[PDB]
Structures are given as C-alpha cells and as structure tokens.
file data_15.csv (CSV, N, CA and C atoms)
chain,number,residue,atom,x,y,z
A,2,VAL,N,45.5,-39.5,80.6
A,2,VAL,CA,45.2,-40.7,79.7
A,2,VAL,C,43.9,-40.5,79.0
A,3,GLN,N,44.0,-40.7,77.7
A,3,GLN,CA,42.8,-40.5,76.8
A,3,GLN,C,42.7,-41.6,75.8
A,4,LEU,N,41.5,-42.0,75.5
A,4,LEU,CA,41.3,-43.1,74.4
A,4,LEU,C,40.3,-42.5,73.5
A,5,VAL,N,40.5,-42.7,72.2
A,5,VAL,CA,39.5,-42.2,71.2
A,5,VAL,C,39.2,-43.3,70.2
A,6,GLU,N,37.9,-43.6,70.1
A,6,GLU,CA,37.4,-44.6,69.1
A,6,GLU,C,37.3,-44.0,67.7
A,7,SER,N,37.7,-44.7,66.7
A,7,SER,CA,37.5,-44.3,65.3
A,7,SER,C,36.6,-45.4,64.6
A,8,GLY,N,35.8,-44.9,63.6
A,8,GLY,CA,34.9,-45.8,62.9
A,8,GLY,C,33.6,-46.0,63.7
A,9,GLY,N,32.7,-46.5,63.0
A,9,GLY,CA,31.3,-46.6,63.5
A,9,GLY,C,30.3,-46.4,62.3
A,10,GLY,N,29.1,-46.4,62.7
A,10,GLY,CA,28.1,-46.1,61.7
A,10,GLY,C,27.1,-47.2,61.3
A,11,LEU,N,26.6,-47.2,60.2
A,11,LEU,CA,25.5,-48.2,59.8
A,11,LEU,C,26.1,-49.2,58.8
A,12,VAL,N,25.7,-50.5,59.1
A,12,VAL,CA,26.1,-51.6,58.2
A,12,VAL,C,24.8,-52.4,58.0
A,13,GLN,N,24.6,-53.0,56.8
A,13,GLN,CA,23.5,-53.9,56.6
A,13,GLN,C,23.9,-55.2,57.2
A,14,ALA,N,22.9,-55.9,57.8
A,14,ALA,CA,23.1,-57.3,58.4
A,14,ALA,C,23.9,-58.2,57.4
A,15,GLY,N,24.9,-58.8,58.0
A,15,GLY,CA,25.8,-59.7,57.2
A,15,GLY,C,27.1,-59.0,56.9
A,16,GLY,N,27.1,-57.7,57.0
A,16,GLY,CA,28.3,-56.9,56.6
A,16,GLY,C,29.4,-56.8,57.6
A,17,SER,N,30.4,-56.0,57.3
A,17,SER,CA,31.6,-55.8,58.1
A,17,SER,C,31.9,-54.4,58.5
A,18,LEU,N,32.5,-54.2,59.6
A,18,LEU,CA,33.0,-52.9,60.0
A,18,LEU,C,34.2,-53.0,60.9
A,19,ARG,N,35.2,-52.2,60.8
A,19,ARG,CA,36.3,-52.2,61.7
A,19,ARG,C,36.3,-50.9,62.6
A,20,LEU,N,36.4,-51.2,63.9
A,20,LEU,CA,36.6,-50.1,64.8
A,20,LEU,C,38.1,-50.0,65.2
A,21,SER,N,38.5,-48.8,65.5
A,21,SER,CA,39.9,-48.6,66.0
A,21,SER,C,39.8,-47.8,67.3
A,22,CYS,N,40.8,-47.9,68.1
A,22,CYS,CA,40.9,-47.1,69.3
A,22,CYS,C,42.4,-46.8,69.6
A,23,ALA,N,42.7,-45.5,69.7
A,23,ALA,CA,44.1,-45.1,70.0
A,23,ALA,C,44.1,-44.5,71.4
A,24,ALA,N,45.3,-44.8,72.1
A,24,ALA,CA,45.5,-44.3,73.4
A,24,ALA,C,46.6,-43.3,73.5
A,25,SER,N,46.5,-42.3,74.4
A,25,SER,CA,47.6,-41.4,74.6
A,25,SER,C,47.8,-41.2,76.1
A,26,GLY,N,49.0,-40.7,76.5
A,26,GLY,CA,49.2,-40.2,77.9
A,26,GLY,C,49.9,-41.1,78.8
A,27,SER,N,50.2,-42.3,78.4
A,27,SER,CA,51.0,-43.3,79.3
A,27,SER,C,51.6,-44.4,78.4
A,28,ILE,N,52.0,-45.4,79.0
A,28,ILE,CA,52.6,-46.6,78.3
A,28,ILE,C,51.4,-47.6,78.4
A,29,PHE,N,51.1,-48.3,77.2
A,29,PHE,CA,49.9,-49.2,77.1
A,29,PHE,C,50.4,-50.6,76.7
A,30,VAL,N,51.6,-50.7,76.3
A,30,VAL,CA,52.1,-52.0,75.7
A,30,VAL,C,52.2,-53.1,76.8
A,31,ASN,N,52.1,-52.7,78.1
A,31,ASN,CA,52.3,-53.7,79.2
A,31,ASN,C,51.0,-54.1,79.8
A,32,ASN,N,49.9,-53.6,79.2
A,32,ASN,CA,48.6,-53.9,79.8
A,32,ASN,C,47.5,-54.3,78.7
A,33,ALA,N,46.5,-55.0,79.2
A,33,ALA,CA,45.4,-55.4,78.3
A,33,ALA,C,44.6,-54.2,77.8
A,34,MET,N,44.0,-54.4,76.6
A,34,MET,CA,43.0,-53.4,76.1
A,34,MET,C,41.8,-54.2,75.6
A,35,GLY,N,40.7,-53.5,75.4
A,35,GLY,CA,39.5,-54.2,74.9
A,35,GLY,C,38.4,-53.3,74.5
A,36,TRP,N,37.2,-54.0,74.3
A,36,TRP,CA,36.0,-53.3,73.8
A,36,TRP,C,34.8,-53.8,74.6
A,37,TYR,N,34.0,-52.8,75.0
A,37,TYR,CA,32.7,-53.1,75.7
A,37,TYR,C,31.6,-52.6,74.8
A,38,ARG,N,30.4,-53.0,75.0
A,38,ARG,CA,29.3,-52.3,74.3
A,38,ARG,C,28.1,-52.3,75.2
A,39,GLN,N,27.2,-51.3,74.9
A,39,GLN,CA,26.0,-51.2,75.6
A,39,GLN,C,24.9,-51.2,74.5
A,40,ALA,N,24.2,-52.4,74.4
A,40,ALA,CA,23.1,-52.5,73.4
A,40,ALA,C,21.9,-51.8,74.1
A,41,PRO,N,20.9,-51.4,73.2
A,41,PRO,CA,19.8,-50.7,73.8
A,41,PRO,C,19.1,-51.5,74.9
A,42,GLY,N,18.9,-50.9,76.1
A,42,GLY,CA,18.3,-51.5,77.2
A,42,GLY,C,19.1,-52.6,77.9
A,43,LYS,N,20.3,-52.9,77.5
A,43,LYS,CA,21.0,-54.0,78.1
A,43,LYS,C,22.1,-53.5,79.0
A,44,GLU,N,22.6,-54.4,79.9
A,44,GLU,CA,23.8,-54.0,80.7
A,44,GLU,C,25.0,-53.9,79.7
A,45,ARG,N,26.0,-53.1,80.0
A,45,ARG,CA,27.2,-53.1,79.3
A,45,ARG,C,27.9,-54.4,79.4
A,46,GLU,N,28.5,-54.9,78.3
A,46,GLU,CA,29.1,-56.2,78.3
A,46,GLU,C,30.5,-56.1,77.7
A,47,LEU,N,31.5,-56.9,78.2
A,47,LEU,CA,32.8,-57.0,77.6
A,47,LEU,C,32.7,-57.8,76.3
A,48,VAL,N,33.0,-57.2,75.2
A,48,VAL,CA,32.8,-57.8,73.9
A,48,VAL,C,34.1,-58.6,73.5
A,49,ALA,N,35.2,-58.0,73.7
A,49,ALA,CA,36.5,-58.6,73.4
A,49,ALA,C,37.7,-58.0,74.2
A,50,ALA,N,38.7,-58.8,74.5
A,50,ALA,CA,39.8,-58.2,75.2
A,50,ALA,C,41.1,-58.9,74.7
A,51,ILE,N,42.2,-58.2,74.8
A,51,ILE,CA,43.5,-58.7,74.3
A,51,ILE,C,44.6,-58.3,75.3
A,52,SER,N,45.5,-59.3,75.5
A,52,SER,CA,46.6,-59.2,76.4
A,52,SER,C,47.6,-58.2,75.9
A,53,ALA,N,48.5,-57.8,76.7
A,53,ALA,CA,49.6,-56.8,76.4
A,53,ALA,C,50.3,-57.2,75.1
A,54,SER,N,50.7,-58.5,75.0
A,54,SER,CA,51.5,-59.0,73.9
A,54,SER,C,50.7,-59.3,72.7
A,55,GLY,N,49.4,-59.4,72.8
A,55,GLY,CA,48.5,-59.9,71.7
A,55,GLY,C,48.4,-61.4,71.7
A,56,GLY,N,49.1,-62.1,72.6
A,56,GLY,CA,49.1,-63.5,72.6
A,56,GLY,C,47.9,-64.2,73.2
A,57,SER,N,47.0,-63.5,73.9
A,57,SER,CA,45.8,-64.1,74.4
A,57,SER,C,44.6,-63.1,74.2
A,58,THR,N,43.5,-63.7,73.8
A,58,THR,CA,42.3,-62.9,73.6
A,58,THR,C,41.1,-63.6,74.3
A,59,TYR,N,40.1,-62.7,74.4
A,59,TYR,CA,38.8,-63.1,75.1
A,59,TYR,C,37.7,-62.5,74.2
A,60,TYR,N,36.7,-63.3,74.0
A,60,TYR,CA,35.5,-62.9,73.3
A,60,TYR,C,34.2,-63.3,74.0
A,61,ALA,N,33.2,-62.4,74.0
A,61,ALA,CA,31.9,-62.8,74.5
A,61,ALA,C,31.4,-63.9,73.6
A,62,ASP,N,30.6,-64.8,74.2
A,62,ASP,CA,30.1,-65.9,73.5
A,62,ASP,C,29.4,-65.6,72.2
A,63,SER,N,28.6,-64.5,72.2
A,63,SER,CA,27.7,-64.2,71.1
A,63,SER,C,28.5,-63.6,69.9
A,64,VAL,N,29.8,-63.2,70.1
A,64,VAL,CA,30.6,-62.7,69.0
A,64,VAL,C,31.7,-63.6,68.6
A,65,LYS,N,32.0,-64.7,69.3
A,65,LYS,CA,33.0,-65.6,68.9
A,65,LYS,C,32.9,-66.1,67.5
A,66,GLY,N,34.0,-66.0,66.7
A,66,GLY,CA,34.0,-66.4,65.3
A,66,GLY,C,33.6,-65.4,64.4
A,67,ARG,N,32.9,-64.3,64.8
A,67,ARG,CA,32.5,-63.2,64.0
A,67,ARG,C,33.3,-61.9,64.2
A,68,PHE,N,33.8,-61.7,65.4
A,68,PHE,CA,34.6,-60.5,65.7
A,68,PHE,C,36.0,-60.9,65.9
A,69,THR,N,37.0,-60.1,65.6
A,69,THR,CA,38.4,-60.3,65.9
A,69,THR,C,39.1,-59.1,66.5
A,70,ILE,N,39.7,-59.3,67.6
A,70,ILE,CA,40.4,-58.2,68.2
A,70,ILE,C,41.9,-58.3,67.9
A,71,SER,N,42.6,-57.2,67.7
A,71,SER,CA,44.0,-57.2,67.5
A,71,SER,C,44.6,-55.8,68.0
A,72,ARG,N,45.9,-55.7,68.0
A,72,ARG,CA,46.4,-54.4,68.5
A,72,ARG,C,47.7,-54.1,67.8
A,73,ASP,N,48.1,-52.9,67.8
A,73,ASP,CA,49.4,-52.4,67.2
A,73,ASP,C,50.0,-51.6,68.3
A,74,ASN,N,51.0,-52.3,69.0
A,74,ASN,CA,51.6,-51.6,70.1
A,74,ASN,C,52.4,-50.4,69.7
A,75,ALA,N,53.0,-50.4,68.6
A,75,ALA,CA,53.8,-49.2,68.1
A,75,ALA,C,52.9,-48.0,67.9
A,76,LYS,N,51.6,-48.2,67.7
A,76,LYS,CA,50.6,-47.1,67.5
A,76,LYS,C,49.8,-46.9,68.7
A,77,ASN,N,50.0,-47.7,69.8
A,77,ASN,CA,49.1,-47.7,71.0
A,77,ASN,C,47.6,-47.8,70.6
A,78,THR,N,47.3,-48.7,69.7
A,78,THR,CA,46.0,-48.8,69.1
A,78,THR,C,45.5,-50.2,69.3
A,79,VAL,N,44.2,-50.4,69.4
A,79,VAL,CA,43.5,-51.7,69.5
A,79,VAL,C,42.4,-51.6,68.4
A,80,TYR,N,42.1,-52.8,67.8
A,80,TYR,CA,41.2,-52.8,66.7
A,80,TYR,C,40.1,-53.9,67.0
A,81,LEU,N,38.9,-53.6,66.5
A,81,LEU,CA,37.8,-54.7,66.5
A,81,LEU,C,37.3,-54.8,65.1
A,82,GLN,N,37.6,-55.9,64.5
A,82,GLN,CA,37.1,-56.2,63.1
A,82,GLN,C,35.8,-57.0,63.3
A,83,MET,N,34.7,-56.4,62.9
A,83,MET,CA,33.4,-57.0,63.1
A,83,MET,C,32.9,-57.6,61.8
A,84,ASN,N,32.8,-58.9,61.7
A,84,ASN,CA,32.3,-59.5,60.5
A,84,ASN,C,30.9,-60.2,60.8
A,85,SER,N,30.2,-60.5,59.7
A,85,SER,CA,28.9,-61.1,59.9
A,85,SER,C,28.0,-60.4,60.9
A,86,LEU,N,28.0,-59.1,60.8
A,86,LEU,CA,27.2,-58.3,61.8
A,86,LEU,C,25.7,-58.7,61.7
A,87,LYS,N,25.1,-58.6,62.9
A,87,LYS,CA,23.7,-58.9,63.0
A,87,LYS,C,23.0,-57.7,63.7
A,88,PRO,N,21.7,-57.5,63.6
A,88,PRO,CA,21.0,-56.4,64.2
A,88,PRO,C,21.2,-56.3,65.7
A,89,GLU,N,21.3,-57.5,66.4
A,89,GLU,CA,21.6,-57.5,67.8
A,89,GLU,C,22.9,-56.9,68.2
A,90,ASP,N,23.8,-56.7,67.2
A,90,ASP,CA,25.1,-56.1,67.5
A,90,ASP,C,25.0,-54.6,67.6
A,91,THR,N,23.8,-54.0,67.3
A,91,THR,CA,23.6,-52.6,67.4
A,91,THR,C,23.8,-52.1,68.9
A,92,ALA,N,24.7,-51.1,69.0
A,92,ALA,CA,25.1,-50.7,70.4
A,92,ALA,C,26.1,-49.6,70.3
A,93,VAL,N,26.3,-48.9,71.4
A,93,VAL,CA,27.5,-48.1,71.6
A,93,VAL,C,28.7,-48.9,72.0
A,94,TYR,N,29.8,-48.8,71.3
A,94,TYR,CA,31.0,-49.6,71.5
A,94,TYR,C,32.0,-48.7,72.2
A,95,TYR,N,32.6,-49.1,73.3
A,95,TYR,CA,33.5,-48.4,74.1
A,95,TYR,C,34.9,-49.1,74.1
A,96,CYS,N,35.9,-48.4,73.8
A,96,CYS,CA,37.2,-49.0,74.0
A,96,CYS,C,37.7,-48.7,75.4
A,97,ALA,N,38.6,-49.6,75.8
A,97,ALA,CA,39.1,-49.5,77.2
A,97,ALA,C,40.6,-50.0,77.2
A,98,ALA,N,41.3,-49.4,78.2
A,98,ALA,CA,42.7,-49.8,78.3
A,98,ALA,C,43.0,-49.8,79.8
A,99,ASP,N,43.8,-50.8,80.2
A,99,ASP,CA,44.1,-51.0,81.6
A,99,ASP,C,45.5,-50.4,82.0
A,100,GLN,N,45.6,-50.2,83.2
A,100,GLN,CA,46.9,-49.7,83.8
A,100,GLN,C,47.1,-50.2,85.1
A,101,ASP,N,48.3,-50.2,85.6
A,101,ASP,CA,48.6,-50.6,87.0
A,101,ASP,C,48.1,-49.5,87.9
A,102,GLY,N,47.4,-49.9,89.0
A,102,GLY,CA,47.0,-48.9,90.0
A,102,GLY,C,45.6,-48.3,89.7
A,103,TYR,N,44.9,-47.9,90.7
A,103,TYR,CA,43.7,-47.1,90.5
A,103,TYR,C,44.0,-46.0,89.5
A,104,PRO,N,43.1,-45.7,88.5
A,104,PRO,CA,41.8,-46.2,88.4
A,104,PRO,C,41.6,-47.5,87.6
A,105,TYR,N,42.8,-48.2,87.4
A,105,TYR,CA,42.8,-49.5,86.8
A,105,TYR,C,42.4,-49.6,85.3
A,106,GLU,N,41.5,-48.8,84.9
A,106,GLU,CA,41.0,-48.9,83.5
A,106,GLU,C,40.4,-47.5,83.0
A,107,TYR,N,40.7,-47.2,81.8
A,107,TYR,CA,40.2,-46.0,81.2
A,107,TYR,C,39.3,-46.4,80.0
A,108,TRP,N,38.2,-45.6,79.9
A,108,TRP,CA,37.2,-45.9,78.9
A,108,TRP,C,37.1,-44.7,77.8
A,109,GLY,N,36.9,-45.1,76.6
A,109,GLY,CA,36.6,-44.0,75.6
A,109,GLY,C,35.2,-43.6,75.7
A,110,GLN,N,34.8,-42.5,75.0
A,110,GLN,CA,33.5,-42.0,75.0
A,110,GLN,C,32.5,-42.8,74.3
A,111,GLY,N,32.9,-43.8,73.4
A,111,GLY,CA,32.0,-44.6,72.7
A,111,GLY,C,31.7,-44.2,71.3
A,112,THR,N,31.4,-45.2,70.4
A,112,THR,CA,31.0,-44.9,69.1
A,112,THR,C,29.8,-45.8,68.8
A,113,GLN,N,28.8,-45.2,68.1
A,113,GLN,CA,27.6,-45.9,67.7
A,113,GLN,C,27.8,-46.8,66.5
A,114,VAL,N,27.4,-48.1,66.7
A,114,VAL,CA,27.3,-49.0,65.6
A,114,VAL,C,25.8,-49.4,65.4
A,115,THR,N,25.3,-49.4,64.2
A,115,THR,CA,23.9,-49.7,63.9
A,115,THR,C,23.9,-50.8,62.8
A,116,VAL,N,23.2,-51.9,63.1
A,116,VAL,CA,23.1,-53.0,62.0
A,116,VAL,C,21.6,-53.1,61.7
A,117,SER,N,21.3,-52.8,60.4
A,117,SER,CA,19.9,-52.9,60.0
A,117,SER,C,19.4,-54.3,59.7
A,118,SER,N,18.1,-54.4,60.0
A,118,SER,CA,17.4,-55.7,59.8
A,118,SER,C,16.9,-55.8,58.4
A,119,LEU,N,16.5,-57.0,58.0
A,119,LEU,CA,16.1,-57.2,56.6
A,119,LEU,C,14.8,-56.5,56.2
A,120,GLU,N,14.0,-56.1,57.2
A,120,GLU,CA,12.8,-55.3,56.9
A,120,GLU,C,13.2,-54.0,56.2
A,121,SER,N,14.4,-53.5,56.4
A,121,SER,CA,14.8,-52.2,55.7
A,121,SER,C,15.5,-52.5,54.4
A,122,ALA,N,15.7,-53.7,54.0
A,122,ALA,CA,16.6,-54.0,52.8
A,122,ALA,C,15.9,-53.6,51.5
A,123,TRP,N,14.6,-53.4,51.6
A,123,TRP,CA,13.8,-53.0,50.4
A,123,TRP,C,12.6,-52.2,50.8
A,124,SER,N,12.1,-51.4,49.8
A,124,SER,CA,11.0,-50.5,50.1
A,124,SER,C,9.7,-51.3,50.0
A,125,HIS,N,8.9,-51.3,51.0
A,125,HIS,CA,7.6,-52.1,51.0
A,125,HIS,C,6.7,-51.6,52.1
call {"tool": "encode", "arguments": {"input": "data_15.csv", "output": "structure tokens"}}
result
Amino acid sequence: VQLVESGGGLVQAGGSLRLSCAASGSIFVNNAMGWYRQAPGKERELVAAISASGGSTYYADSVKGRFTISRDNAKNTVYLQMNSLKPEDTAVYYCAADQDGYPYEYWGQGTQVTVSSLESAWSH
C-alpha cells in the first residue's frame, strides 16, 4: 500500500493551492481518507477527513470554511483545496488512507506548503 502527495510549494497569504494524493496497492473506496499536517514546532494535527462515500467530512476548527476535502474513488485519490491561505498554514501536509485491520492507516511521505507573510510582499 502506497500513497503519494502531489502539489505543494509557496503561496502568498490569501492565495489558493490544491493538494492531491493517490493510493495504490489495495481497495480504498470502502474506507476514509484524509490529510494531516505538522506545522513548525507543533504536534501533527488532522486537518481534514472524508468518509468512503464522500458523504461526510471533518475539518480542524482553524481551517473550516477555507479548506475543502473531496475524493475521486475511480482514481483512488483524495484532494485538499486550500483557499484563503495564511502563514500559520505553513506545514508539511501528509495524506492518509485507512484500511480494515492493523496497521489501520497508511501515511504518505508529506509535501511542504509555505505561506508567505506580508513582510515579504514588497522589498523594504
């Protein structure tokens, strides 16, 4: 079972970025998938999760209304559309997919997202 995140990089505060994650090696349509992040110096946190059918979602309080999770079961992919990004959203983002039985969850290797503050928006 393997997961690979696509997308990442630098965005100016207020901007948007879409992350994707594709899974291989088993059936994923019957289990939840999601995204965690580890901001500098912080504990890793569950950012968003989505049920097998897509009919239920979960968001961390600090991203509600700004991030949207969705999935394409035919591609075994999960997406994180990040809008209204803020510098506090700077983190390594890890996709995850659940399965029945130990080890219960697989994690991707992570992708860096960096959101620049206004101090960098002009030369001074």
call {"tool": "residues_around", "arguments": {"input": "data_15.csv", "residues": "residue 119 (chain A)", "least_positions_apart": "5", "cutoff": "8 Å", "atoms": "all atoms listed in the file", "output": "PyMOL selection string"}}
result
chain A and resi 13-14+88
call {"tool": "write_last_selection", "arguments": {"input": "data_15.csv", "atoms": "N, CA and C atoms", "output": "mmCIF file, in the coordinates of the input"}}
result
data_model
loop_
_atom_site.group_PDB
_atom_site.id
_atom_site.type_symbol
_atom_site.label_atom_id
_atom_site.label_comp_id
_atom_site.auth_asym_id
_atom_site.auth_seq_id
_atom_site.Cartn_x
_atom_site.Cartn_y
_atom_site.Cartn_z
ATOM 1 N N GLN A 13 24.600 -53.000 56.800
ATOM 2 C CA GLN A 13 23.500 -53.900 56.600
ATOM 3 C C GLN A 13 23.900 -55.200 57.200
ATOM 4 N N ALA A 14 22.900 -55.900 57.800
ATOM 5 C CA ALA A 14 23.100 -57.300 58.400
ATOM 6 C C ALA A 14 23.900 -58.200 57.400
ATOM 7 N N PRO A 88 21.700 -57.500 63.600
ATOM 8 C CA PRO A 88 21.000 -56.400 64.200
ATOM 9 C C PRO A 88 21.200 -56.300 65.700
#
call {"tool": "atom_distance", "arguments": {"input": "data_15.csv", "atom1": "atom N of residue 82 (chain A)", "atom2": "atom N of residue 105 (chain A)"}}
result
24.7 Å
call {"tool": "closest_residue", "arguments": {"input": "data_15.csv", "among": "A:122, A:93, A:98, A:5", "to": "residue 39 (chain A)", "atoms": "only C-alpha atoms"}}
result
A:93
call {"tool": "atom_distance", "arguments": {"input": "data_15.csv", "atom1": "CA of residue 17 (chain A)", "atom2": "CA of residue 33 (chain A)"}}
result
24.5 Å
call {"tool": "closest_residue", "arguments": {"input": "data_15.csv", "among": "A:28, A:2, A:51, A:12", "to": "residue 72 (chain A)", "atoms": "only N, CA and C atoms"}}
result
A:51
call {"tool": "residues_around", "arguments": {"input": "data_15.csv", "residues": "residue 10 (chain A)", "least_positions_apart": "3", "cutoff": "8 Å", "atoms": "all atoms listed in the file", "output": "PyMOL selection string"}}
result
chain A and resi 7+13+112-116
call {"tool": "select_by_dssp", "arguments": {"input": "data_15.csv", "residues": "chain A", "states": "strand (DSSP E)", "output": "number ranges by chain"}}
result
A: 3-7, 10-13, 18-25, 34-39, 46-51, 58-60, 68-73, 78-83, 92-99, 106-108, 112-117
call {"tool": "closest_atom_pairs", "arguments": {"input": "data_15.csv", "of": "region 49-118 of chain A", "to": "region 19-26 of chain A", "cutoff": "9 Å", "atoms": "only C-alpha atoms", "output": "CSV"}}
result
residue,atom,partner,partner_atom,distance
A:76,CA,A:23,CA,7.2
A:77,CA,A:24,CA,5.5
A:78,CA,A:23,CA,4.3
A:79,CA,A:22,CA,5.3
A:80,CA,A:21,CA,4.5
A:81,CA,A:20,CA,5.0
A:82,CA,A:19,CA,4.3
A:83,CA,A:19,CA,5.8
A:84,CA,A:19,CA,8.4
A:94,CA,A:20,CA,8.7
A:95,CA,A:22,CA,8.9
A:96,CA,A:22,CA,6.3
A:97,CA,A:22,CA,8.5
A:98,CA,A:24,CA,7.9
A:109,CA,A:22,CA,8.2
A:112,CA,A:20,CA,8.8
call {"tool": "axis_aligned_box", "arguments": {"input": "data_15.csv", "around": "region 14-23 of chain A", "padding_each_side": "5 Å", "output": "JSON"}}
result
{"center_x": 33.5, "center_y": -52.1, "center_z": 64.0, "size_x": 31.2, "size_y": 25.2, "size_z": 24.8}
call {"tool": "closest_residue", "arguments": {"input": "data_15.csv", "among": "A:34, A:102, A:125, A:48", "to": "residue 64 (chain A)", "atoms": "only N, CA and C atoms"}}
result
A:48
call {"tool": "atom_distance", "arguments": {"input": "data_15.csv", "atom1": "CA of residue 108 (chain A)", "atom2": "atom N of residue 41 (chain A)"}}
result
18.1 Å
call {"tool": "closest_residue", "arguments": {"input": "data_15.csv", "among": "A:100, A:71, A:58, A:3", "to": "residue 31 (chain A)", "atoms": "all atoms listed in the file"}}
result
A:100
call {"tool": "closest_residue", "arguments": {"input": "data_15.csv", "among": "A:85, A:32, A:121, A:52", "to": "residue 67 (chain A)", "atoms": "only C-alpha atoms"}}
result
A:85
call {"tool": "select_by_dssp", "arguments": {"input": "data_15.csv", "residues": "chain A", "states": "helix (DSSP H, G or I)", "output": "PyMOL selection string"}}
result
chain A and resi 62-64+74-76+88-90+119-121
call {"tool": "build_atoms", "arguments": {"input": "data_15.csv", "residues": "region 31-43 of chain A", "atoms": "N, CA, C and O atoms", "output": "PDB file, in the frame of the given file"}}
result
ATOM      1  N   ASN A  31      52.100 -52.700  78.100  1.00  0.00           N
ATOM      2  CA  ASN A  31      52.300 -53.700  79.200  1.00  0.00           C
ATOM      3  C   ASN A  31      51.000 -54.100  79.800  1.00  0.00           C
ATOM      4  O   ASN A  31      50.970 -54.911  80.709  1.00  0.00           O
ATOM      5  N   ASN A  32      49.900 -53.600  79.200  1.00  0.00           N
ATOM      6  CA  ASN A  32      48.600 -53.900  79.800  1.00  0.00           C
ATOM      7  C   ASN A  32      47.500 -54.300  78.700  1.00  0.00           C
ATOM      8  O   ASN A  32      47.679 -53.951  77.568  1.00  0.00           O
ATOM      9  N   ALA A  33      46.500 -55.000  79.200  1.00  0.00           N
ATOM     10  CA  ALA A  33      45.400 -55.400  78.300  1.00  0.00           C
ATOM     11  C   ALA A  33      44.600 -54.200  77.800  1.00  0.00           C
ATOM     12  O   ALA A  33      44.529 -53.122  78.438  1.00  0.00           O
ATOM     13  N   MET A  34      44.000 -54.400  76.600  1.00  0.00           N
ATOM     14  CA  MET A  34      43.000 -53.400  76.100  1.00  0.00           C
ATOM     15  C   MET A  34      41.800 -54.200  75.600  1.00  0.00           C
ATOM     16  O   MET A  34      41.875 -55.413  75.481  1.00  0.00           O
ATOM     17  N   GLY A  35      40.700 -53.500  75.400  1.00  0.00           N
ATOM     18  CA  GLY A  35      39.500 -54.200  74.900  1.00  0.00           C
ATOM     19  C   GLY A  35      38.400 -53.300  74.500  1.00  0.00           C
ATOM     20  O   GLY A  35      38.527 -52.129  74.407  1.00  0.00           O
ATOM     21  N   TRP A  36      37.200 -54.000  74.300  1.00  0.00           N
ATOM     22  CA  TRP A  36      36.000 -53.300  73.800  1.00  0.00           C
ATOM     23  C   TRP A  36      34.800 -53.800  74.600  1.00  0.00           C
ATOM     24  O   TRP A  36      34.643 -54.976  74.777  1.00  0.00           O
ATOM     25  N   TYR A  37      34.000 -52.800  75.000  1.00  0.00           N
ATOM     26  CA  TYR A  37      32.700 -53.100  75.700  1.00  0.00           C
ATOM     27  C   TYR A  37      31.600 -52.600  74.800  1.00  0.00           C
ATOM     28  O   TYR A  37      31.929 -51.796  73.890  1.00  0.00           O
ATOM     29  N   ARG A  38      30.400 -53.000  75.000  1.00  0.00           N
ATOM     30  CA  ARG A  38      29.300 -52.300  74.300  1.00  0.00           C
ATOM     31  C   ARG A  38      28.100 -52.300  75.200  1.00  0.00           C
ATOM     32  O   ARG A  38      27.968 -53.028  76.138  1.00  0.00           O
ATOM     33  N   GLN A  39      27.200 -51.300  74.900  1.00  0.00           N
ATOM     34  CA  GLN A  39      26.000 -51.200  75.600  1.00  0.00           C
ATOM     35  C   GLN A  39      24.900 -51.200  74.500  1.00  0.00           C
ATOM     36  O   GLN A  39      24.701 -50.192  73.833  1.00  0.00           O
ATOM     37  N   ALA A  40      24.200 -52.400  74.400  1.00  0.00           N
ATOM     38  CA  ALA A  40      23.100 -52.500  73.400  1.00  0.00           C
ATOM     39  C   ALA A  40      21.900 -51.800  74.100  1.00  0.00           C
ATOM     40  O   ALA A  40      21.841 -51.696  75.298  1.00  0.00           O
ATOM     41  N   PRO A  41      20.900 -51.400  73.200  1.00  0.00           N
ATOM     42  CA  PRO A  41      19.800 -50.700  73.800  1.00  0.00           C
ATOM     43  C   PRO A  41      19.100 -51.500  74.900  1.00  0.00           C
ATOM     44  O   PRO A  41      18.656 -52.636  74.651  1.00  0.00           O
ATOM     45  N   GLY A  42      18.900 -50.900  76.100  1.00  0.00           N
ATOM     46  CA  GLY A  42      18.300 -51.500  77.200  1.00  0.00           C
ATOM     47  C   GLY A  42      19.100 -52.600  77.900  1.00  0.00           C
ATOM     48  O   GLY A  42      18.564 -53.103  78.931  1.00  0.00           O
ATOM     49  N   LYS A  43      20.300 -52.900  77.500  1.00  0.00           N
ATOM     50  CA  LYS A  43      21.000 -54.000  78.100  1.00  0.00           C
ATOM     51  C   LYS A  43      22.100 -53.500  79.000  1.00  0.00           C
ATOM     52  O   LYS A  43      22.545 -52.352  78.900  1.00  0.00           O
TER      53      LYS A  43
END
